[PDB]
Amino acid sequence: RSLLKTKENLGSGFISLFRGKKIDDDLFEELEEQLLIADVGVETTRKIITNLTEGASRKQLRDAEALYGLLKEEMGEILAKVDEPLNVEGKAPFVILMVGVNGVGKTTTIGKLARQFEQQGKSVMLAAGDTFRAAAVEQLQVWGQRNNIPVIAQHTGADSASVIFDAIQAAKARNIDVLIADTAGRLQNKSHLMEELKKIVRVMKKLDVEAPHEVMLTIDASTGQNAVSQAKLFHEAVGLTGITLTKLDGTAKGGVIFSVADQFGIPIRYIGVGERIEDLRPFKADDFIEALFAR
Amino acid sequence: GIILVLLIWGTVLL
Amino acid sequence: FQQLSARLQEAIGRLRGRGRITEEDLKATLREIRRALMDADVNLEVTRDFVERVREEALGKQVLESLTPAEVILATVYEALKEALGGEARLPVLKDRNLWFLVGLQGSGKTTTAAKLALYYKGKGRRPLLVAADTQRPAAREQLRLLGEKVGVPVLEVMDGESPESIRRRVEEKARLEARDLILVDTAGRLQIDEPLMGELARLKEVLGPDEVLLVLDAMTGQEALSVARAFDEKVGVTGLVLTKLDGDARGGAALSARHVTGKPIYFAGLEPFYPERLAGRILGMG
Amino acid sequence: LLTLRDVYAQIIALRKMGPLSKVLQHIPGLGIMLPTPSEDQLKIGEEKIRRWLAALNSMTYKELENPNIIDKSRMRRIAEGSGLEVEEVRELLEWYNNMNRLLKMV
RNA sequence: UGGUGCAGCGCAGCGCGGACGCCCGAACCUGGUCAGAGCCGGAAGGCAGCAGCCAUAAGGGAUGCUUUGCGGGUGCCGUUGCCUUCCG
Ligand SMILES: [Mg+2]
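Residue numbers (PDB author numbering), protein chains in the order written: chain D, 201 to 495; chain S, 449 to 462; chain A, 2 to 271, 279 to 295; chain M, 307, 327 to 431.
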């Protein structure tokens, strides 16, 4: 699978780590120093080491290679708490707040994700919220222009907190199932980003007292620690209800998922493991781990 | 030297 | 470098008092430093050599057997940062008569630096001479006069559309009546790099025939400044680099990827002589 | 980038850069820390800025000199005209006198 | 017969007052324009609105072969009539 470079320090990586090793203080240390590499998180790793020592002591373990059946369990429960598939049926339209720092993969995810809904059997309407970034709006229009996908855009510089409304109002009349819309993502001004998005969720309660329904979060994986700082910012800004890790394949820092699922607990929606639209299957716990440790 | 240092630094209070 | 240092300092802090480290742990810090350079807008190629350098040095100092690895790694990175800046302090050569050009883009303190360089050697016992080469925008030569009027250095303003030959005719005369052992020719500056400009700079160099060509680049751009120096050194021919606004820059992808990419030694820096060894310490939090 | 004329020429330059931080340009002294001026970006988040810069320009270029002449009929004046309340005006009026005061002892 | 002194009108001038023209000009409660700011709504876009500026009352000043009313120690002007007193 496209996780070979990720299994260099995780899953199959532990095999060549505990190979001919004896469970001891110097053993756990050699493991903790390896977990802090995949950007798993200091707090997360620290929690795993403790939960591991207790389990590798109250059962009498003298073989480090036996720890394999332990980490696979602990690290498996971490994602099991955030393993909640995304449902977009019943509601019409279905607003999907897309937050994230500029240049992460938002515009890219919105395209692939949109091709998934229509493939199942439902109309989708885009909405170029962030007007300041013409590089994104121009792409969102030229794209849906050939895919017969309706895109809502206005004058460059307009209120991004309204670009979504136009899509919602034109969804209840044009009959639209899924409604995806992007927003601004600038960390230069924390406060602004907060009030900006906050003033978006407080206004979408006009046409639908339940909208927005999902607050998707597009964050890059290869970034590592950055993916943690960003998610932590958007978490304190608005009420996140979904996160998607993109560009995970191609870097030995895929362990970041354990940091954006434990320290936050936000149920991961989708996961990126390629470049094609198909390479974005829903987040699965008993699947990612089964392939992560896949020898 | 030290003029508005103790002046404008108090406008944010109110 | 705020960001750069904040990333390196903590990168080693995680190894502060952890006893003997494993081979896998050593690799951690290596990558932790890589990203510290990536976000700092540092050349990819330079980023690798930087990490690889620490790899060999670490294993060479027996870091996997040292009780205090935080000390070995700290000394290792220090050697990398110092060499990445130039290794040892370097300054332009001085002799009988000197004359250099202050080429660079507009908005990088190209004119301001030229005025500071004149005041520097002035206190060392030299005799500089600010000479504007700009013949398009009269305002360019007007800004040089004011700077030279405060520092106490004579400025020679050229006429509009004046041929390089006519310039060397006066620059050599004014340097004889006042006896000038140094002539700082401040070429014209523009926002972007155009062929017409690169052409006039080359011809002006074939006439006066300087010794060294200093290029005042902006450090608040990073690799961008490196790409800009890739043109002047091709069309004209620079010999040194002068990075300014180092305080505003929190990255340093142009100072750590200068001796490698362009290969041009950084003499001065925005103003006092650039000290690779000194800056190498401020990055580790000891300067 | 005698006093009233200086206040305007100063405050006006205290917007085209931030709220800037040039407060450390004419002060040879040292600072304290960085985790403190972080609360400056908070007021920037809002679509607005401050209430002071509001009723400030809503006054005559002579009423700022001696705000003492201002009564209950003058406070409500620059109150509704700026959108602020009578209370938000007092805190502003009782300051114009402080600047012209503490300055005398300098 | 006569010379002054008359009164009441009719022409100029003078003093005063009242218009016109010019200058200045009341915080707002009058108007237009209204940076900054504030308000309304999901936006695009508006509403309300202060300082300054412009125009304009009440209330003043300088000046005006100009215009009007009234008021008198102007003037050798022509004539008639009346009258206390004075002067040939
Ligand atoms: Mg040639």
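Using N, Cα and C, we set each Cβ at its ideal position, and we do this for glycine too.
Continuous alpha helix (DSSP H) stretch holding residue i: start and end
{"i": "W377 (chain M)", "result": "377-380"}
{"i": "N422 (chain M)", "result": "411-427"}
{"i": "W457 (chain S)", "result": "No alpha helix (DSSP H) holds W457 (chain S); DSSP gives it neither H nor E."}
{"i": "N99 (chain A)", "result": "Note, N99 (chain A): premise wrong, no alpha helix (DSSP H); beta strand (DSSP E) at 99-104."}
{"i": "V363 (chain D)", "result": "363-369"}
{"i": "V438 (chain D)", "result": "Run containing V438 (chain D): none; DSSP gives neither H nor E here."}
Contact test: residue i Cβ vs ligand 1 heavy atom, cutoff 7 Å
{"i": "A259 (chain A)", "result": "no"}
{"i": "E207 (chain A)", "result": "yes"}
{"i": "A336 (chain D)", "result": "no"}
{"i": "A203 (chain A)", "result": "yes"}
Short Cβ contact (8 Å threshold) for residue i with residue j
{"i": "residue 272 (chain A)", "j": "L9 (chain A)", "result": "Within chain A, the sequence of modelled residues goes 271 then 279, so residue 272 (chain A) has no position in this structure."}
{"i": "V43 (chain A)", "j": "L192 (chain A)", "result": "no"}
{"i": "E174 (chain A)", "j": "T136 (chain A)", "result": "no"}
{"i": "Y421 (chain M)", "j": "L378 (chain M)", "result": "no"}
{"i": "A71 (chain A)", "j": "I13 (chain A)", "result": "yes"}
{"i": "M416 (chain D)", "j": "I296 (chain D)", "result": "yes"}
{"i": "residue 189 (chain D)", "j": "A461 (chain D)", "result": "Limits of chain D in this structure are 201 at one end and 495 at the other, which puts residue 189 (chain D) out of reach."}
{"i": "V378 (chain D)", "j": "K322 (chain D)", "result": "yes"}
{"i": "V64 (chain A)", "j": "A134 (chain A)", "result": "no"}
{"i": "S459 (chain D)", "j": "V428 (chain D)", "result": "yes"}
{"i": "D366 (chain D)", "j": "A336 (chain D)", "result": "no"}
{"i": "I403 (chain M)", "j": "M430 (chain M)", "result": "no"}
{"i": "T245 (chain A)", "j": "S109 (chain A)", "result": "yes"}
{"i": "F228 (chain D)", "j": "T253 (chain D)", "result": "yes"}
{"i": "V237 (chain A)", "j": "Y268 (chain A)", "result": "no"}
{"i": "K390 (chain D)", "j": "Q366 (chain M)", "result": "yes"}
{"i": "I364 (chain D)", "j": "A314 (chain D)", "result": "no"}
{"i": "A334 (chain D)", "j": "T356 (chain D)", "result": "yes"}
{"i": "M400 (chain M)", "j": "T328 (chain M)", "result": "no"}
{"i": "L427 (chain M)", "j": "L455 (chain S)", "result": "yes"}
{"i": "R376 (chain M)", "j": "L409 (chain M)", "result": "yes"}
{"i": "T188 (chain A)", "j": "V104 (chain A)", "result": "yes"}
{"i": "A90 (chain A)", "j": "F282 (chain A)", "result": "yes"}
Presumed contact (8 Å Cβ cut-off) between residue i and residue j, rounded CB distance
{"i": "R142 (chain A)", "j": "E158 (chain A)", "result": "4 Å"}
{"i": "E233 (chain D)", "j": "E25 (chain A)", "result": "6 Å"}
{"i": "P129 (chain A)", "j": "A140 (chain A)", "result": "Their Cβ separation, rounded to whole angstroms, is 22 Å, which puts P129 (chain A) and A140 (chain A) out of contact at 8 Å."}
{"i": "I419 (chain D)", "j": "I443 (chain D)", "result": "7 Å"}
{"i": "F102 (chain A)", "j": "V214 (chain A)", "result": "5 Å"}
{"i": "residue 277 (chain A)", "j": "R21 (chain A)", "result": "Within chain A, residue numbering steps from 271 directly to 279, and residue 277 (chain A) belongs to the interval with no atoms modelled."}
{"i": "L448 (chain D)", "j": "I466 (chain D)", "result": "That pair is no contact at about 16 Å."}
{"i": "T451 (chain D)", "j": "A491 (chain D)", "result": "Not really, about 16 Å apart at Cβ, beyond 8 Å."}
{"i": "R219 (chain D)", "j": "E265 (chain D)", "result": "7 Å"}
{"i": "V299 (chain D)", "j": "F434 (chain D)", "result": "5 Å"}
{"i": "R262 (chain D)", "j": "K222 (chain D)", "result": "7 Å"}
{"i": "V239 (chain A)", "j": "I194 (chain A)", "result": "Not a contact, Cβ separation roughly 13 Å."}
Host beta strand (DSSP E) of residue i (start-end)
{"i": "residue 507 (chain D)", "result": "The structure shown does not extend to residue 507 (chain D), since chain D spans only 201 to 495, so no value can be given for it."}
{"i": "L379 (chain D)", "result": "378-382"}
{"i": "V214 (chain A)", "result": "214-219"}
{"i": "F269 (chain A)", "result": "267-270"}
{"i": "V324 (chain D)", "result": "324-327"}
{"i": "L38 (chain A)", "result": "Per DSSP, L38 (chain A) belongs to no beta strand (DSSP E); it is in the alpha helix (DSSP H), 24-39."}
{"i": "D420 (chain D)", "result": "414-420"}
{"i": "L297 (chain D)", "result": "294-299"}
Practice task
Could you name the residues of the segment 360-377 of chain M whose beta carbon sits closer than 7 Å to any beta carbon of chain D, in the order they occur along the chain?
Solution key: For the segment 360-377 of chain M, residues whose beta-carbon sits nearer than 7 Å to a beta-carbon of chain D comprise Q366, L367, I369, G370, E371.
Problem - Contacting positions in the segment 391-406 of chain D - beta carbon closer than 7 Å to chain M - result: Listed in sequence order: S391, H392, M394, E395.
Practice task
Output, in sequence order along the chain, the residues in the segment 35-57 of chain A whose CB is closer than 9 Å to any CB in chain D.
Solution key: Residues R36, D40.
Practice task
Check distances from the C-beta atoms of the segment 230-252 of chain D to those of chain A and list, in chain order, the residues that come in under 7 Å.
Solution key: Going along the segment 230-252 of chain D in chain order, one finds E230, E233, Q234, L236, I237 with a Cβ nearer than 7 Å to chain A.
Handout entry: Residues of the segment 408-428 of chain M with Cβ closer than 9 Å to any Cβ of chain S, in chain order
Key = The residues in question are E413, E416, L417, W420, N423, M424, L427, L428.
Problem - Residues within the segment 357-390 of chain D neighbouring chain M, beta-carbon criterion of under 7 Å - result: Within the segment 357-390 of chain D, the residues whose Cβ lies closer than 7 Å to some Cβ of chain M are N389, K390, listed in chain order.
Exercise for the section: May I ask you to list, following chain order, the residues of the segment 386-408 of chain M that have a beta carbon less than 7 Å from some beta carbon of chain S? Expected result: Cβ contacts with chain S come from no residue of the segment 386-408 of chain M.
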